[PDB]
Structures are given as C-alpha cells and as structure tokens.
Amino acid sequence: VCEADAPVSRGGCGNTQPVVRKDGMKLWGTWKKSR
Amino acid sequence: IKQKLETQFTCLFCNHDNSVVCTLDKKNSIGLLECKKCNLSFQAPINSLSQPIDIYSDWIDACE
Amino acid sequence: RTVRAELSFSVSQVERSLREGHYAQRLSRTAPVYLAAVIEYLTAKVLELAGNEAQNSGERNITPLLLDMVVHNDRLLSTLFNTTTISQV
Amino acid sequence: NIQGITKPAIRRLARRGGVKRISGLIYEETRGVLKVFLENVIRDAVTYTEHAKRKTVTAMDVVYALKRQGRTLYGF
Amino acid sequence: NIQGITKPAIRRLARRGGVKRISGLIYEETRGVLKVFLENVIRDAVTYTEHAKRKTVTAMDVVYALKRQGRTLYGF
Amino acid sequence: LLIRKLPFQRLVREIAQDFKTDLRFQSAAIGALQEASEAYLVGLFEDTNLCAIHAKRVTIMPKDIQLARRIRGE
Amino acid sequence: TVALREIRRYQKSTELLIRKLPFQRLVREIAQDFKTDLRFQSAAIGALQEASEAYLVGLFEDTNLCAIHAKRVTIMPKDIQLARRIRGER
Amino acid sequence: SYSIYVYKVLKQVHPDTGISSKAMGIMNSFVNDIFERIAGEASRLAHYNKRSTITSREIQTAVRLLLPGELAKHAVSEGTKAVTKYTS
DNA sequence: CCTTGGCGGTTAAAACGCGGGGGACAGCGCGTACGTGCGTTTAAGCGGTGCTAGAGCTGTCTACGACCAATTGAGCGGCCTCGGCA
DNA sequence: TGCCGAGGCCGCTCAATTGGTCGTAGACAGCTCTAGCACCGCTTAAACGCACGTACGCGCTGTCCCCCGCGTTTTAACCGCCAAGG
Ligand SMILES: [Zn+2]
C-alpha cells in the first residue's frame with residue numbers, strides 16, 4: 147500500500172497498490188478495494 | 015489448501031460472462047460456484063480429479 | 022447577516038441544508054437565524070468545556086477523549102448525551 | 026464462531042464496567058447478549074445496504090442502525 | 026398536593042404489579058417517582074399547548090408528550 | 061383506574077401551574093395523564109418486584125425501586 | 046486487588062478490548078448468514094465493534110449493580126437475566 | 037460541512053486551545069445531528085398544527101421539547117437575543 | 001534462471017491444566033419491625049337532567065411565498081509578485 | 001544574500017436578487033360537539049388501628065469455584081524456504 151503517512164506525511168495519497176501483470180502487449184493491474 | 019479460481023464461464027442466471035468463481039475444498043470434497051455479479055451460489059460434491067469445468071457442468075444439469 | 026447578527030455560524034449554509042433536507046415547503050424570515058443562534062450556543066457550550074478541561078488537565082489540543090470525558094460528566098449537558106457513544110477510534 | 030469473544034475479553038470488559046469478581050456463568054450469557062445485540066444491529070445495517078443497492082456495509086449504515094436503537098455514534 | 030396519592034392507591038398499584046408485601050417507605054418514594062413522571066410529561070404537554078396558542082391542554086398534547094418518551098398511547 | 065381520578069387531576073393542575081399559568085384541562089387530557097401514570101407505576105412495580113425477588117426480596121423496597129429506575133435509565 | 050487494578054486501568058483508557066481480527070471474523074460470519082459474500086468497509090466493522098463494546102460495557106455496569114443488590118460481589122447469570130429484562134431486551 | 041464554523045467559534049471561546057482532527061468530525065456529526073433533530077422535530081410541529089412554514093416559533097418549541105431544562109432555557113434565550121439583534 | 005502449487009518458520013497472547021489459597025453462594029438459625037384482611041366510618045365517586053357557550057368541522061374566498069427561468073456578485077483555488085530569516 | 005512562505009490578482013462554481021404563476025394557506029361565517037362548571041342521591045372507594053405471620057435481614061459454616069502467576073503451545077496472522085515447469 148502507498149502510505150499517505152510516514153511509517163508525518165510523505166506525500167502519499169493513501170491508495171493501496173495493484174499487482175500489475177503482463178498479458179502480451181497489455182498490462183493489467185488488480186487493485187484490492189477495502194476479509 | 016483451498017483453491018480460489020476465476021473462470022471464463024457464463025452465469026446461468028444473470029448471464030454475465032467471466033464472473034463465475036470456483037472454490038474447490040478437497041479436504042471435505044465440497045466445491046462451490048459463486049458469481050461475482052448477481053452472486054448466486056451453488057454447491058456440489060467434488061473428487062480429487064475435479065476442475066472448475068466439472069462443477070460448472072454439474073450446475074448446468076442441476077438447472078435443467 | 023451573521024456578522025450583522027453578531028453570530029459565528031452562517032445562517033446561509035444551514036438554510037441551504039434546510040432547503041435540501043426539505044423539512045417544510047417554506048421557511049420563515051428569522052427561523053434560520055434562531056436555529057443558527059441556538060446551535061451556536063450548543064457548540065460554544067460544549068467546546069467551552071472542552072477548552073476548559075484541556076487547560077484544567079493541562080492538555081494542549083482537544084482529543085476525543087476530552088469530549089467523551091466532558092459530555093458524560095458535567096450534568097449540565099450529560100442529559101443530552103445519555104444515549105450517545107463517542108467512538109474514540 | 027461466537028467463541029472468539031474469549032474469557033479474558035469479557036473479563037476485561039467487566040473490569041471496565043466495575044465488576045470485582047466474576048462468576049463463570051456470565052461469558053456465555055454475554056456471548057448470548059452480544060449475539061442478540063449484533064443480530065439486532067446488523068439486520069438494520071444490512072437493510073440499509075440492500076436499500077442502497079450496495080454490497081458493502083459502510084460505517085454510516087452502522088451509525089444509522091445504532092441510531093434506530095437510541096445509540097447514536099459520533100465520529101463516522 | 027402529592028398527598029392525594031393515598032397509601033392504598035399505591036398499595037393497589039403494587040398489587041396490580043405483583044408485589045406481595047410493601048415496606049412502609051415505598052409510599053413517599055412512589056409519590057416522588059410519580060411527581061417526576063408528571064413533571065416530565067406535563068412540561069411537554071404545556072409546551073405543545075403554548076405552541077398551539079391554546080390555553081386548554083387537550084388529550085392529543087398528552088399523547089404527543091407520551092410519544093416523546095416512547096410511551097405511545099392509543100385511544101385519543 | 062386505581063387512583064382516585066380527582067386526586068390525579070388536582071396534583072396534575074398543581075404541577076402544571078408551575079410550568080404555565082391560568083391553564084385549563086380537557087377531562088380527557090387528565091384521563092390520559094392518569095392512564096399513563098398508572099400504567100407507568102404498575103410496570104415500575106413489576107420491575108421493582110423482580111429486583112426484590114432477585115435479592116431474596118419478593119416485597120419491593122425503596123432500594124428495589126431505585127435499582128429498577130437506574131437500570132431503566134430514569 | 047489485581048482485579049481492582051485492572052478496573053482502575055481499563056476505566057482510564059478507551060482502546061477496544063476485543064481482538065480486531067476475531068471480531069472481523071464474527072461479524073462477517075453472522076452477516077454471511079443473511080446475505081452471501083457481503084463486502085465490508087473497514088469503518089463499518091469498526092463501527093460495529095465500538096457499538097458492541099459500548100453495549101457490553103454498559104450491560105456489565107447494570108449487571109454489576111444487580112449482583113451488588115443481591116449482596117454479592119460476583120456477577121452471575123441471574124444478574125444479566127435481570128438487567129436485560131429490566132432494560133426491555135427480554 | 038459544518039467543520040469550518042466549529043473552529044471559528046472555538047477561536048472565540050478559546051483562542052489558545054486547538055482541536056484535533058477526529059474531534060472535528062465528532063463535533064461535525066454532533067452539529068449535523070442536533071440540526072437534523074431540531075429540524076425534524078420542528079417539521080413534526082409544523083404538521084401537527086397543519087401549517088406549511090417553519091417559523092422561529094416552531095424552532096423555539098422544538099428546542100423546548102428536545103433540550104432538557106437549563107439547556108433549553110439558555111437555548112431559547114440565545115435564539116431570542118439573536119433574532120432580536122437580527123431584526124434591528 | 002524465475003514464480004506459483006502447499007509447508008516450516010516467523011509473534012501477542014490465550015487454548016488454560018493445575019499448584020496454591022481464599023472470597024463468597026446458597027442453605028440454615030435465629031430474630032426482630034413491620035404488615036395486610038378484615039372491621040368502622042367516611043368523603044369523595046358514578047351516573048341524569050339543566051344551563052350555557054368555546055371553538056372544532058366543513059364550506060367557499062382571498063390571498064402571499066415558493067418553482068423554475070434569466071441576471072450577476074462574493075468566496076476560494078491556481079498563477080504571480082513581495083519580502084525578511086537562515 | 002536570496003529563495004520559498006504569504007498575500008494579492010484572474011478565473012470557477014455556486015450563491016443572491018427579480019419577475020409570473022399557483023394552488024394551498026390564511027380569513028371568515030354557519031352551526032353542532034362534547035367540555036364547560038354548578039348541584040343531588042347514592043355508593044364504591046378511601047383514612048386509620050390490629051395483630052399474630054410470613055418475609056427481610058444479620059451472623060456463622062461448608063466447600064468450592066473463580067483469583068493470581070508460569071509455561072509453553074496453538075490459531076491466526078506475517079515473512080522465506082522444497083524442488084517441478086515453461
Ligand atoms: Zn450470477
């Protein structure tokens with residue numbers, strides 16, 4: 147997850172990050188929406 | 015360990031394709047189909063050799 | 022009208038909420054001034070005690086622990102919060 | 026299961042409440058009181074979610090379900 | 026006065042409540058509970074009458090005052 | 061009704077005088093107040109009874125009433 | 046004594062007393078029994094836990110009063126069976 | 037919504053004491069609750085008398101009904117001495 | 001040479017048996033103040049006309065504030081200038 | 001000695017002001033309802049004393065189930081290893 151706060164703000168936006176996968180010439184990202 | 019697999023099968027009710035998820039519990043021989051859309055659930059027995067196409071086949075016969 | 026009435030809440034935004042809440046078909050001329058005055062009194066009575074308790078305890082800011090300790094103490098307004106629960110999370 | 030509400034968590038809660046010594050037949054009762062409280066609040070939270078055509082029970086559905094019991098919750 | 030709430034009328038209420046035996050100090054404690062209940066309901070009934078620009082407390086002002094305590098009253 | 065209705069009316073008018081003056085009452089208003097008051101007292105006595113029985117006390121005492129009222133949030 | 050100590054401590058603090066994970070599992074289980082795979086905002090579960098713990102704590106206050114009323118220092122089933130009855134929960 | 041005015045009243049009542057970010061959401065849910073309770077009650081009042089306009093008199097009665105005792109007294113004195121200062 | 005299928009290794013704490021030692025539950029004794037059914041006498045309670053009018057019920061009349069439609073002014077965010085602490 | 005922090009200027013979006021309908025809200029009249037407040041006759045309901053009884057409470061006992069501490073140990077939940085494939 148990209149932290150909005152230091153582990163104090165680090166400039167983060169708080170969003171969780173996706174697991175990006177390659178499928179030929181296309182890239183797919185799977186985000187885990189907030194078990 | 016359970017297997018959570020996405021499939022490219024069409025739900026027999028809501029007709030959304032690529033939205034059926036198959037959960038195969040081999041420790042208890044219980045397979046579970048789930049939609050991701052309308053989320054209808056269907057349970058059926060599985061062996062050790064079964065695959066998402068085996069329970070999805072049993073779901074087609076359970077309707078007809 | 023807020024400075025003219027020498028108040029701190031906007032009679033306007035609250036009036037807009039009343040229009041959006043559709044609590045009636047038509048408001049009065051001085052009904053939102055009374056409601057903002059009354060609301061303003063309740064906020065300046067709760068935060069007056071939170072600011073009295075932050076300096077009585079010695080705290081600098083106002084935490085939700087200060088709100089939970091005040092509103093369930095202070096029998097003046099503890100009756101308003103008989104059935105409330107500040108989450109503290 | 027309801028067994029996740031353990032013995033020392035009910036004991037801790039009792040300590041917060043002001044209980045000194047606690048008899049054994051109180052955890053099950055609490056487990057049975059807590060389950061009734063959740064079955065009364067989650068029913069209304071699921072009713073607000075099904076009314077809002079959602080699938081995710083937000084925290085405002087829980088605040089509305091607690092508001093329908095005279096248990097207003099501030100901070101959400 | 027509150028003394029019109031006689032000893033045997035509280036005794037009758039207690040009997041209607043299922044009480045077998047009554048101590049000699051319930052009588053002044055029940056009048057102090059009844060006076061608080063009337064001071065809480067009549068305040069709201071007088072508020073509805075002063076809001077309705079009347080001088081006669083009708084029975085619907087009493088029904089509204091009991092409705093504001095979770096004591097809905099049918100038949101008026 | 062278990063209370064002399066008239067006494068409930070007197071007491072009522074007295075208490076009411078302390079909130080707003082020169083008030084008048086419909087007879088049905090007083091009757092409503094009496095039904096409500098008596099229902100309330102009866103229920104309270106049920107709960108009090110339960111408290112007394114809880115404390116090897118089936119016979120209500122002021123202590124029992126106070127417990128009942130505290131748990132009711134009164 | 047240690048009991049008293051804990052009461053002085055817990056009453057001083059406001060952190061949640063039930064373990065998060067376990068509570069999340071209980072809520073999702075119960076909810077699963079009404080509607081299958083219901084997704085939850087984290088704040089929804091947090092709301093449920095705050096509400097549940099406040100409820101249980103208050104219940105334990107009343108229960109304590111019921112035990113003390115019966116000249117006891119230990120809370121039992123007859124206490125809750127009384128507190129909840131007078132509350133109009135049962 | 038109402039969070040910008042809670043800090044503005046706090047600057048008057050305690051210009052030295054600050055407030056947190058969760059306590060601002062608590063005071064903002066408190067204000068939106070006592071607003072949607074007073075307006076709701078007032079709406080009930082305007083229906084019981086078959087009126088159509090919520091005046092300041094239905095707000096004064098909903099304050100007398102909702103707030104218990106001295107908070108209602110003080111609540112009705114501040115609204116009256118704000119409407120009179122408004123009309124002048 | 002690299003990344004998943006199931007599997008040890010990775011913690012805060014409780015799954016607490018169970019060794020120790022005591023607060024306190026429920027039955028049992030005694031033991032005293034209070035306590036209601038029955039008794040008296042009463043002062044208010046239930047049901048009837050007689051009288052007198054306040055304001056609700058229902059009717060049509062006259063009426064002033066909101067709806068949605070074109071103007072247009074102030075608060076706020078993105079450029080852009082000014083200025084003393086490091 | 002000089003650039004990023006703060007206030008000012010130029011755009012954005014929503015709030016404030018004005019003019020025409022418009023049915024619903026406020027006035028007002030005719031008129032019957034049940035609440036108005038005053039007196040009878042009778043009666044169900046209420047004020048005050050009794051007394052031996054059942055309930056309410058204090059004190060001592062049994063044994064007994066929660067009280068406090070320790071140790072790994074296990075689910076649940078975070079971090080690294082077996083040896084098959086493509
Ligand atoms: Zn489907």
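Chains as they are written, first to last, in the UniProt record's numbering: chain C, 147 to 153, 163 to 189, 194; chain V, 15 to 78; chain E, 22 to 110; chain Y, 26 to 101; chain R, 26 to 101; chain A, 61 to 134; chain B, 46 to 135; chain F, 37 to 124. Idealized CB from N, CA, C, for every residue including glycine.
Would you report the Cα separation of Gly95 (chain Y) and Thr91 (chain F), rounded to the nearest angstrom?
In this structure, the CA atom of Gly95 (chain Y) is about 28 Å from the CA atom of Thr91 (chain F).
Three-way DSSP call (helix, strand, coil) for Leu26 (chain V) in this model
Three-state DSSP puts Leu26 (chain V) in coil, outside helix and strand.
Does ligand 1 have a heavy atom nearer than 7 Å to the CB of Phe23 (chain V)?
No, the Cβ of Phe23 (chain V) stays beyond 7 Å of every heavy atom of ligand 1.
Which first and last residues belong to the beta strand (DSSP E) in which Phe105 (chain B) is found?
For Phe105 (chain B), there is no enclosing beta strand (DSSP E); the residue is part of the alpha helix (DSSP H) that begins and ends at 87-114.
When you compare the CB positions of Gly49 (chain Y) and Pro85 (chain E), do they come within less than 8 Å of one another, or not?
Taking C-beta atoms as the reference points, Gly49 (chain Y) and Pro85 (chain E) fail to come closer than 8 Å.
Starting from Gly184 (chain C), follow its DSSP beta bridges and name the residues at the other end.
Under the DSSP definition of a beta bridge, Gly184 (chain C) partners with C:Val175.
Is it right to say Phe27 (chain V) is buried, meaning 16 or more other beta carbons lie within 10 angstroms of its own, or is it exposed?
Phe27 (chain V) sits exposed, since fewer than 16 C-beta atoms from the chains shown fall within 10 Å of its C-beta.
Residue from Y:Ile67, Y:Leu38, Y:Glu75, Y:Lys78 with nearest C-alpha to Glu51 (chain B)
Among Y:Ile67, Y:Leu38, Y:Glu75, Y:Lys78, the Cα nearest to that of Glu51 (chain B) belongs to Y:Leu38.
Give a single yes or no on whether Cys49 (chain V) has its beta carbon closer than 7 Å to a heavy atom of ligand 1.
Taking non-hydrogen atoms of ligand 1 into account, the C-beta of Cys49 (chain V) is found less than 7 Å away from one of them.
Alpha carbon to alpha carbon, what distance is there between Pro66 (chain V) and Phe66 (chain F)?
Distance between the alpha carbons of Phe66 (chain F) and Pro66 (chain V): 52 Å.
Listing by chain order, which chain B residues have their CB less than 8 Å from the CB of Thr106 (chain E)?
Those are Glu95, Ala96, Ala99, listed as they occur along chain B.
Quick check: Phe85 (chain B) and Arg73 (chain B), are their CB atoms within less than 8 Å of each other?
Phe85 (chain B) is a Cβ neighbour of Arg73 (chain B), given a cutoff of 8 Å.
Going by C-alpha to C-alpha distance, which of V:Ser55, V:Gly45, V:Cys77 sits closest to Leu63 (chain V)?
Taking each of V:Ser55, V:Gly45, V:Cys77 in turn and checking the Cα distance to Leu63 (chain V), the smallest one comes out for V:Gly45.
Based on DSSP bridge pairs, tell me the residues matched to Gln57 (chain V).
Looking at the DSSP output, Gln57 (chain V) shares a beta bridge with V:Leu46.
Using 8 Å for Cβ pairs, my map puts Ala58 (chain E) next to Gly115 (chain F). What's the rounded Cβ distance?
Contact holds; Cβ gap of about 4 Å.
Using a Cβ cut-off of 8 Å, which residues of the region 89-101 of chain R contact any Cβ in chain F, in chain order?
Under the 8 Å Cβ criterion, the region 89-101 of chain R contributes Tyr89, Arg93.
From what residue to what residue does the alpha helix (DSSP H) around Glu74 (chain B) run?
That run of the alpha helix (DSSP H) goes 65-77.
My output table needs one value for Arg46 (chain Y): the three-state DSSP class, helix, strand or coil.
Three-state result, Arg46 (chain Y): strand.
Applying the criterion that 16 or more other CB atoms from any shown protein chain within 10 Å of the CB defines a buried residue, is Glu41 (chain E) buried or exposed?
Taking a 10 Å sphere around the C-beta of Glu41 (chain E), we find fewer than 16 other C-beta atoms and assign the residue as exposed.
Is any heavy atom of ligand 1 found at a distance shorter than 7 Å from the C-beta of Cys28 (chain V)?
Indeed, a heavy atom of ligand 1 lies less than 7 Å from the Cβ.
Determine the extent of the beta strand (DSSP E) in which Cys36 (chain V) is found, giving its start and end residues.
34-39 is the extent of the beta strand (DSSP E) around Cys36 (chain V).
Check whether the Cβ of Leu54 (chain V) sits closer than 7 Å to any heavy atom of ligand 1, and report yes or no.
Taking 7 Å as the cut-off, the C-beta of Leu54 (chain V) counts as close to a heavy atom of ligand 1.
Measuring CA to CA, which of B:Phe105, B:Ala96, B:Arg117 is closest to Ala90 (chain Y)?
Taking the Cα of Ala90 (chain Y) as reference, the smallest distance to any Cα among B:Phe105, B:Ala96, B:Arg117 is reached at B:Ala96.
Taking buried to mean at least 16 other C-beta atoms within 10 Å of its own C-beta, is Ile125 (chain B) buried or exposed?
It counts as buried.
Indicate whether at least one CB of chain E lies closer than 8 Å to the CB of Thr59 (chain B).
Output row for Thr59 (chain B): interface = yes.
Rounded to the nearest angstrom, what separates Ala88 (chain B) and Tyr38 (chain F) at their Cα positions?
Cα to Cα, the separation comes out at about 21 Å.
Evaluate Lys109 (chain F) with the Cβ neighbour count: other Cβ atoms within 10 Å of its Cβ, from every protein chain shown; 16 or more gives buried, anything less gives exposed.
Classification for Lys109 (chain F): exposed.
Inter-residue Cα distance where the pair is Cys148 (chain C) and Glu64 (chain R):
The C-alpha of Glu64 (chain R) is placed about 59 Å away from the C-alpha of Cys148 (chain C).
By the three-class DSSP mapping on this structure, what secondary structure does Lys18 (chain V) have?
Here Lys18 (chain V) sits in strand by DSSP.
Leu104 (chain A) versus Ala76 (chain B) - alpha carbon distance
When rounded, the distance between both Cα atoms is 37 Å.
Using a Cβ cut-off of 7 Å, which residues of the region 65-95 of chain B contact any Cβ in chain E, in chain order?
If the cut-off is 7 Å between Cβ atoms, the region 65-95 of chain B has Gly91, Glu95 near chain E.
Report the residue from B:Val47, B:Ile63, B:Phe68 whose alpha carbon sits nearest the alpha carbon of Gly43 (chain Y).
Among B:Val47, B:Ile63, B:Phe68, the Cα nearest to that of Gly43 (chain Y) belongs to B:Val47.
Taking only the alpha-carbon atoms, compute the straight-line gap between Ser33 (chain V) and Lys92 (chain Y) and give it to the nearest angstrom.
For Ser33 (chain V) and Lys92 (chain Y), the distance between alpha carbons rounds to 37 Å.
Between which two residues does the alpha helix (DSSP H) carrying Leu98 (chain Y) extend?
Where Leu98 (chain Y) is concerned, there is no enclosing alpha helix (DSSP H), although the beta strand (DSSP E) it sits in stretches over 97-99.
Would you kindly check if the distance between the Cβ of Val112 (chain F) and the Cβ of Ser29 (chain E) is under 8 Å?
In this structure, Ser29 (chain E) lies away from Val112 (chain F), with their beta-carbon atoms at least 8 Å apart.
The region 77-97 of chain E contacting the region 55-66 of chain F, beta-carbon criterion three pairs below 8 Å:
With a cut-off of 8 Å, the region 55-66 of chain F and the region 77-97 of chain E count as touching, because enough Cβ pairs lie within range.
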